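Structure 1 and structure 2, given next as structure tokens, are two forms of the same protein chain, each shown alone.
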Structure 1
């Protein structure tokens, strides 16, 4: 039931747009982040993921990657699409954000972690 294809929003204000998913579970899309950790003018980036098909679960598991266009940075999201009591969709995700570093000896700090909630937009 829960479908990833469409236009979602975050508790941070981000805007993601996913296209349709396949047979292979794959989808594509674009992210418009509203916050950055990088001091660079934010720009609409592409996200590539995949959705789980293992059994027609009305509430699949998903993950996707964001290739930031404005940072040497990479973000990954994983989560599950849930069907509320309101009858409403809900991505409950969690993400890891890697920062680019110049030494294997500094990598240990290269990574942050958090959540995000996505919902849908009207119209």
Structure 2
């Protein structure tokens, strides 16, 4: 019965925050992503996110992915991971991400993608 659900307010290991609304019945959802550019406490930015969670076998702990469309740069980041209910134990989203920068020349493509992780917990 214990459905790990993406809807709500989350924060992460770098101190960025994220809010995701209601997941409709085809798994779609939208959110906002707020990020720490600086000392962390002054300059904030909001960017939209859009994703889908997988509904195959109505899992507790489904996998999901979403795209963050940076409002302050020409970059795009995509996240994928899984909503786990560890013991008790908050909910926790374990994610991996790819950050695509824009390059002017296709000869620079090879260097345009960063990778990393994010762990998200419910915001308090």
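Shifts are known only where both forms have a C-alpha. Positions refer to the first chain, counted from 1. Heads up, when I say rigid core I mean the largest set of C-alphas that superpose within 1.5 Å between the two forms.
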Seminar exercise, completed: Of 50, 36, 30, 78, the residue whose C-alpha shifts by 2 Å or more between structure 1 and structure 2, after superposition on the rigid core, is 36
Exercise. So, with the core fitted, how far does residue 88 move at its Cα between structure 1 and structure 2, in angstrom?
Worked result: 1.6
For this session: Quote the shift of the Cα of residue 111 between structure 1 and structure 2 to one decimal place in Å, the two forms being superposed on the rigid core.
Result: 0.5
Exercise. After superposition on the rigid core, which segments of 3 or more consecutive residues show C-alpha displacements of 2 Å or more between structure 1 and structure 2?
Worked result: 35 to 42
